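Right, one structure below, let's go through it.
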Amino acid sequence: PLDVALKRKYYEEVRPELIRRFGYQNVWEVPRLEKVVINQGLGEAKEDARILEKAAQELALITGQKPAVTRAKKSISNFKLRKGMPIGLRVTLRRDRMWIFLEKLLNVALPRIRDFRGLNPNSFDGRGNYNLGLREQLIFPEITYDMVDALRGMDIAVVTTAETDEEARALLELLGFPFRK
Amino acid sequence: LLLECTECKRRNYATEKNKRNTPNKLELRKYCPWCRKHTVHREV
Amino acid sequence: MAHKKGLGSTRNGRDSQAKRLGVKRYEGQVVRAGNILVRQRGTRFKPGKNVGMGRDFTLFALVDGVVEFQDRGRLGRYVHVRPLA
Amino acid sequence: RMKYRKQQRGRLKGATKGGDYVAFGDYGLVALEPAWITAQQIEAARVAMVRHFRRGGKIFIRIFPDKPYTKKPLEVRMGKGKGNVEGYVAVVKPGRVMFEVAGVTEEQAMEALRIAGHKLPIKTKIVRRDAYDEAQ
RNA sequence: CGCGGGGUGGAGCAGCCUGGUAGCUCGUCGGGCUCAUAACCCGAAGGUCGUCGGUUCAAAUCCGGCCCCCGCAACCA
RNA sequence: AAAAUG
RNA sequence: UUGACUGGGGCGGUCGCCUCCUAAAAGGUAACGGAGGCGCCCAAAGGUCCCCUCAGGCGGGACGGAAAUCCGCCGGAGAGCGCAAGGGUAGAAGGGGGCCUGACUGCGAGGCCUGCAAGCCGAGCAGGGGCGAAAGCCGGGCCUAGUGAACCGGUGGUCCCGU
RNA sequence: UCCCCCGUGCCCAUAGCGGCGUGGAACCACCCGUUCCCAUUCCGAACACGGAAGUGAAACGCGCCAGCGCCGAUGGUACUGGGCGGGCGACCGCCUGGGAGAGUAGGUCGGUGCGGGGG
C-alpha cells in the first residue's frame, strides 16, 4: 500500500532488460510509465429516476479515487440526451494508486475475463500509449456478484513516456501484459 | 414585469424588472435609500 | 387604354440610418479632456496612453493634449494623447 | 448552380483581363471586343465545334457564365426583374481566350474555331502558341 | 401577371397557426357463418406525409424554391 | 302473434 | 369622416427601428433597387477576484452513428460570444468557480451626432457600498434594434399651495 | 571591455514550422517527498509547500540547415488627380504628375534597450 511488486519489479527487473533489449543511455530517455485512465460511458441518466451515481462509486472501489461525472459537450436528437448534464464517468490514477490497480488488474481481472486469450497487440498500433475496454464490472476482486445490479464495463487507457509502440509494447509485455499475438 | 423596490417601512422605489414564471417572486436586494444610507428594498 | 398588370414582390424596401463612425480626431489635433476620438464598430482602435473607451468602444481623451496614433501589428492599432508644456 | 444571386448589371471597362494565353489545347480563339456571352451562345458554339469534326479531339472552354441576366415580363416598373428567365452569362473583355482546341490538324483545328466565331456575338481572332510561358 | 386554398397508407376526409402522441370511413389480407355468394362477425397489414433545403435537441407541423391541383380578381379610357 | 341472390 | 407614397389613379405592396450592399477608399447620399432582422430576453445571461481555451482533422479505445464519454498528437482561430447581419474578440468580450447586487443616490468637465426635439459616450467630485492582499474594477448585459412628444388620467410619496 | 545565464521590455513572422549537435560549473528545469500553507467537478498532473539525492531524456537556452512558412526589389504594366484629341456610335489614343497587385532576382532560421548572477 505504498510500494508494490509491479512498481518494484518495473525498476529492479524491467528497466535493465529494457535498457539492454532496446539500448538507452539516460534513465529518462527510458520507457517510464505514469498515467492510467479508467473511464466509463454508461449509457444515460434518462427517465425512471436514473441516478446512476451507483456504478459511480462501484467504480471507486475497483480503483481508489472518485470518478468525475462527465457531461455532454453537444446535443444529439438522434439518441436522446442533449445539451448538458447527462453522464460519462472518468478517473485518473497516477503514481501509487495506479501501480497497484494495474497489478490487481494483471493478476485477477483479465484472467478472470469471461474467456480470455490475451490482448490486442494492434491496439497501440504504433502511437505511443495503449488502450482497452472491459465489458464486465464484476471482474474485480473488490466487487461482488450479489453487489452489481447490472452489467456495464467500460474502457481504460494507459500512458507511456516512450514513443514507438515497439518500446511501449515491450514495457508492457514485461509488466505482464498478456498478448493474443 | 415592471418591478420596483419598496424599502421596508418607508418609501422610495428602484423601478426594476423581473421575469415571473422564469424563477421569480420574493424579489429584494440591498439598494441605497434617499432617507439616510443602507436598506434591502422588497418587491411590490 | 392598352393597360398592363404589374405588381411588386418588393420585400426589400429597408435600411437603418447612418451612424457616422470613424476617427473623429486625427493625429496631431490638440484636444481637451472628454473629446471622443473614435466611433467604432468593434475595437478597431485600441485605447492608448491617456485614452479610455466606454460601452460602445467609443475612445475618448482623458487629458488635454495632442493625439498620436500607432501601429502594433499583431498587437493592434492604438490611439493616445501626449500632454505638453 | 449556387450562392445568393440576382446581381447588378455592372460594366466592362478596358479589357485589363482581355488577353490570357493558350493554356491547354494547341490553337485558340481570343476575343476582340467586350461583351456578355449567354450560355446559350457558348454551347451553340462549342456544339458546332465538336460537331465540325465528329469523333475528334478535345475542346476547352475557358470562359464560363455565372452572371444572372434579369429581365422584365413586358410591363412597367416595380422592383427588380423576374430576373434570369433566359438565364446567365459570362463577361468577356477584349483579349480573353474563350475556346481552344487540340489533338488535331491546323487545317481541321483552325477551320473549326472559325465557325464558332460566327456563333459568338463578337469579333474574334485565332492564335497558335509557342509564346508566353515561364521557362528558361 | 397578381392574390389564397390545397398535395397525408389504395379512395375520400382529419391532424399543421397551439413543433415531440399520425386519427376516421371505405376498401386490401386472414379466420368464422352459409350448400355457396353477399351481407354480418372476429383479427391483421399498409404511409420516403409533393419535391429540392433552411431554423431547431426534434419538422406532417415553422420559414423560403419550383412542380402539377382549385378558386377570385385582371377595371377608366 | 314472425329479424338478398344463386 | 372615410390617410399618404405611387414612372396617371384603382387593385397590390408599403409606412417606425436594426444590419450588409448600392455609396464612386472622411462623413453623408436616391429609386415600388438587392438581401435579412426587431416591437423581446437574462434575478444570472449582471459585479469583482481566481482559474481554464476553441472547431475541427488524425490515430487508439465495452456497449459504442458518421462527433455521446477517455487517452494521445496536430490545429491560432475557421468555434464561442442569448436572437439578423456586421465590426470586434482567445495577450478574452469565450468556458467554470467563490463571494456579491454599482440593473446605486447627488451630479456632471468635455465631446459625438444634429434644422428643431430627440439619441449617444463620458473622465471627475460627494455620499454610502461590492469584489480583490493590492494596483484596482463596479451607475447592468462584446457592441450596435427590443421603441412613442405632449395632453388626459391612475397609483403612490413629500419640504410646497390650499380663496 | 568581451563571453554565459536568470528576469524583462521593445521591433511585432526576415524572429515560424520542421530538421541537425550541443549546454548542467553556474544558473533553469525536470526531479525528491506530501507533515504544514494551499490544491484539483477524480488525480500535488496543474496550482502549492518542504527538500535537495539523480538527470540534461523531456522542456528551455545556444548554434548550423531552406525543404514548408514569412519577407521581397528593380524593371514593366493595370488603374489614375489634371488637361486633350479621333469616330456616327461600341470604343481607341496622346500630353502632364502619381503608380500598384501579381511574377522574377533575391532575402530570412532574428534584431535590440534595462536590471541582475558567474569567468
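Scheme for the C-alpha cells: letters A, B, ... for chains in order shown; per-chain residue numbers from 1; ligand numbers from 1 in order shown.
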
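Once range 58-62 of chain H and its same-chain neighbours fewer than 6 positions away are set aside, residues 28 and 29 of chain A; 5, 22, 23, 28, 29 and 30 of chain H remain within 9 Å of it when counting only C-alpha atoms (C1' of nucleotides).
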
Given only C-alpha atoms, how would the per-residue table for chain C near chain D read, listing every residue at most 8 Å away with its closest atom pair and distance in Å to one decimal, sorted by chain and number, as CSV?
residue,atom,partner,partner_atom,distance
C:4,CA,D:75,CA,6.0
C:5,CA,D:75,CA,7.0
C:6,CA,D:75,CA,6.0
C:7,CA,D:78,CA,6.3
C:8,CA,D:78,CA,5.4
C:9,CA,D:79,CA,7.0
C:10,CA,D:79,CA,5.7

Could the residues in this selection be saved with N, CA and C atoms as a compact mmCIF listing (two decimals), in the first residue's frame?
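Generated file (part_16.txt):
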# COMPACT_ATOMS: atom_id res chain seq x y z
N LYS C 4 -51.59 47.35 -68.62
CA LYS C 4 -50.78 46.19 -68.24
C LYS C 4 -51.34 45.49 -67.00
N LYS C 5 -50.45 45.04 -66.12
CA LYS C 5 -50.84 44.36 -64.89
C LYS C 5 -49.61 44.07 -64.02
N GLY C 6 -48.82 45.11 -63.78
CA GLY C 6 -47.61 45.00 -62.97
C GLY C 6 -47.91 44.85 -61.48
N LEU C 7 -46.93 44.36 -60.74
CA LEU C 7 -47.07 44.18 -59.31
C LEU C 7 -45.70 44.23 -58.66
N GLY C 8 -45.65 44.08 -57.33
CA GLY C 8 -44.38 44.15 -56.62
C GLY C 8 -44.14 43.10 -55.57
N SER C 9 -43.15 42.26 -55.84
CA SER C 9 -42.74 41.22 -54.92
C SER C 9 -41.83 41.94 -53.93
N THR C 10 -41.73 43.26 -54.11
CA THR C 10 -40.91 44.11 -53.25
C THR C 10 -41.03 43.67 -51.81

Polymer residues at most 7 Å from residue 34 in chain C, only C-alpha atoms (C1' of nucleotides), same-chain spacing of 4 or more positions, as a ChimeraX atom specification: /C:60-62 /G:110-111,122-123

Any idea which chain A residues end up within 6 Å of chain H if we count only C-alpha atoms (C1' of nucleotides), as a list in words please? residues 26, 28, 29, 65, 66, 67, 68, 91 and 92 of chain A

Could you write out the selected residues, including N, CA, C and O atoms, as a short mmCIF file (atom, residue, chain, number, x, y, z; two decimals), in the first residue's frame?
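Once everything was written out, this is result33.cif:
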data_model
loop_
_atom_site.label_atom_id
_atom_site.label_comp_id
_atom_site.auth_asym_id
_atom_site.auth_seq_id
_atom_site.Cartn_x
_atom_site.Cartn_y
_atom_site.Cartn_z
N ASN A 26 20.35 7.65 -20.99
CA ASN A 26 19.86 8.41 -19.84
C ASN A 26 18.60 7.77 -19.32
O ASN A 26 17.63 7.59 -20.05
N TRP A 28 16.20 8.70 -18.24
CA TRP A 28 14.98 9.43 -18.54
C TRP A 28 14.55 9.25 -20.00
O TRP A 28 13.40 9.50 -20.36
N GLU A 29 15.50 8.82 -20.82
CA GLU A 29 15.27 8.56 -22.24
C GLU A 29 14.54 7.21 -22.29
O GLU A 29 14.12 6.73 -23.34
N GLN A 65 -9.85 6.32 -6.37
CA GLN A 65 -10.31 7.69 -6.43
C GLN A 65 -11.79 7.69 -6.71
O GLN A 65 -12.42 6.63 -6.84
N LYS A 66 -12.35 8.89 -6.80
CA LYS A 66 -13.76 9.07 -7.08
C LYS A 66 -13.72 9.53 -8.51
O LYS A 66 -12.86 10.34 -8.88
N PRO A 67 -14.61 9.00 -9.36
CA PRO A 67 -14.59 9.45 -10.75
C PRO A 67 -15.27 10.81 -10.89
O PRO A 67 -15.93 11.29 -9.96
N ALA A 68 -15.09 11.44 -12.04
CA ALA A 68 -15.71 12.73 -12.28
C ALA A 68 -16.92 12.54 -13.17
O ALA A 68 -16.82 12.00 -14.27
N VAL A 91 -11.90 8.70 -14.41
CA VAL A 91 -10.97 8.82 -13.29
C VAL A 91 -9.51 8.68 -13.71
O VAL A 91 -9.18 7.93 -14.64
N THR A 92 -8.63 9.39 -13.01
CA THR A 92 -7.21 9.37 -13.33
C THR A 92 -6.29 8.90 -12.21
O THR A 92 -6.01 9.64 -11.25
#

Those in range 64-105 of chain A with helix (DSSP H, G or I) from DSSP, as a list in words: residues 95, 96, 97, 98, 99, 100, 101, 102, 103, 104 and 105 of chain A

Write out as a PyMOL selection string which residues come within 8 Å of residue 89 in chain G when counting only C-alpha atoms (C1' of nucleotides), dropping same-chain ones fewer than 2 positions away. chain G and resi 92-93+142

Write the residues of the selection above to a file with N, CA and C atoms (P, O5', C5', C4', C3', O3' and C1' of nucleotides), as a PDB file, in the first residue's frame.
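And here's selection_35.pdb as it stands now:
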ATOM      1  P     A G  92      -6.232  38.273 -22.249  1.00  0.00           P
ATOM      2  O5'   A G  92      -7.490  38.082 -23.205  1.00  0.00           O
ATOM      3  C5'   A G  92      -8.077  39.199 -23.896  1.00  0.00           C
ATOM      4  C4'   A G  92      -9.594  39.087 -23.904  1.00  0.00           C
ATOM      5  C3'   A G  92     -10.308  38.975 -22.553  1.00  0.00           C
ATOM      6  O3'   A G  92     -11.501  39.756 -22.602  1.00  0.00           O
ATOM      7  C1'   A G  92     -10.989  37.216 -23.961  1.00  0.00           C
ATOM      8  P     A G  93     -12.118  40.371 -21.249  1.00  0.00           P
ATOM      9  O5'   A G  93     -13.685  40.273 -21.504  1.00  0.00           O
ATOM     10  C5'   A G  93     -14.266  39.038 -21.953  1.00  0.00           C
ATOM     11  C4'   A G  93     -15.613  39.279 -22.598  1.00  0.00           C
ATOM     12  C3'   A G  93     -16.046  38.136 -23.509  1.00  0.00           C
ATOM     13  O3'   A G  93     -17.469  37.959 -23.435  1.00  0.00           O
ATOM     14  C1'   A G  93     -15.676  40.127 -24.781  1.00  0.00           C
ATOM     15  P     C G 142     -21.641  40.900 -21.457  1.00  0.00           P
ATOM     16  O5'   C G 142     -21.572  41.289 -23.001  1.00  0.00           O
ATOM     17  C5'   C G 142     -20.515  40.782 -23.860  1.00  0.00           C
ATOM     18  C4'   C G 142     -19.798  41.929 -24.529  1.00  0.00           C
ATOM     19  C3'   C G 142     -20.721  42.854 -25.290  1.00  0.00           C
ATOM     20  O3'   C G 142     -21.282  43.796 -24.405  1.00  0.00           O
ATOM     21  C1'   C G 142     -18.874  42.317 -26.653  1.00  0.00           C
TER      22        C G 142
END

Each residue of chain H lying at most 10 Å from chain C should get a row with its shortest atom-to-atom pair and the distance in Å to one decimal, counting only C-alpha atoms (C1' of nucleotides); could you produce that, ordered by chain and increasing number, as JSON lines?
{"residue": "H:11", "atom": "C1'", "partner": "C:72", "partner_atom": "CA", "distance": 9.2}
{"residue": "H:12", "atom": "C1'", "partner": "C:74", "partner_atom": "CA", "distance": 5.9}
{"residue": "H:13", "atom": "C1'", "partner": "C:74", "partner_atom": "CA", "distance": 10.0}

For C-alpha atoms (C1' of nucleotides), I'd like the residues from the last selection saved as a PDB file, in the first residue's frame.
ATOM      1  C1'   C H  11      10.536  45.798 -33.086  1.00  0.00           C
ATOM      2  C1'   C H  12       5.724  42.524 -33.971  1.00  0.00           C
ATOM      3  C1'   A H  13       6.890  36.022 -38.598  1.00  0.00           C
TER       4        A H  13
END

Can you pull out the residues contacting residue 143 in chain A? Cut-off 10 Å, using only C-alpha atoms (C1' of nucleotides), and skip same-chain residues under 6 positions away; I want them as a PyMOL selection string. chain A and resi 58-59+61-62+137

Output of the above residues as a JSON list (two decimals), in the first residue's frame, restricted to C-alpha atoms:
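Everything below was put into out_18.json:
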[["chain", "number", "residue", "atom", "x", "y", "z"],
["A", 58, "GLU", "CA", -18.83, 0.96, -7.66],
["A", 59, "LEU", "CA", -16.06, 2.18, -9.89],
["A", 61, "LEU", "CA", -13.87, 0.64, -5.15],
["A", 62, "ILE", "CA", -12.40, -1.11, -8.15],
["A", 137, "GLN", "CA", -17.66, -4.50, -13.97]]

Non-local contacts of range 3-19 of chain B (12 Å; only C-alpha atoms (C1' of nucleotides); under 4 positions in same chain excluded) as a PyMOL selection string: (chain B and resi 23-44) or (chain G and resi 41-44+103-105+140+156-158)

Spatial neighbours of range 76-83 of chain A, 7 Å, only C-alpha atoms (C1' of nucleotides), chain gap at least 2 places, as a PDB file with C-alpha atoms (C1' of nucleotides), in the first residue's frame:
ATOM      1  CA  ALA A  72     -22.413  16.480 -22.618  1.00  0.00           C
ATOM      2  CA  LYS A  73     -20.397  18.847 -24.841  1.00  0.00           C
ATOM      3  CA  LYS A  74     -23.058  18.894 -27.548  1.00  0.00           C
ATOM      4  CA  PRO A  86     -26.079  13.570 -18.585  1.00  0.00           C
TER       5      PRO A  86
ATOM      6  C1'   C E  57     -32.465  18.733 -29.428  1.00  0.00           C
ATOM      7  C1'   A E  58     -36.668  17.277 -32.649  1.00  0.00           C
TER       8        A E  58
END

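Note that CA of residue 3 in chain C and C1' of residue 7 in chain G are 14.2 Å apart.
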
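Nearest residue to chain D, choosing from G:4, G:11, G:63, G:32 and counting only C-alpha atoms (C1' of nucleotides): G:32.
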
What is the CA of residue 35 in chain A to CA of residue 90 in chain A distance in Å? 13.1 Å
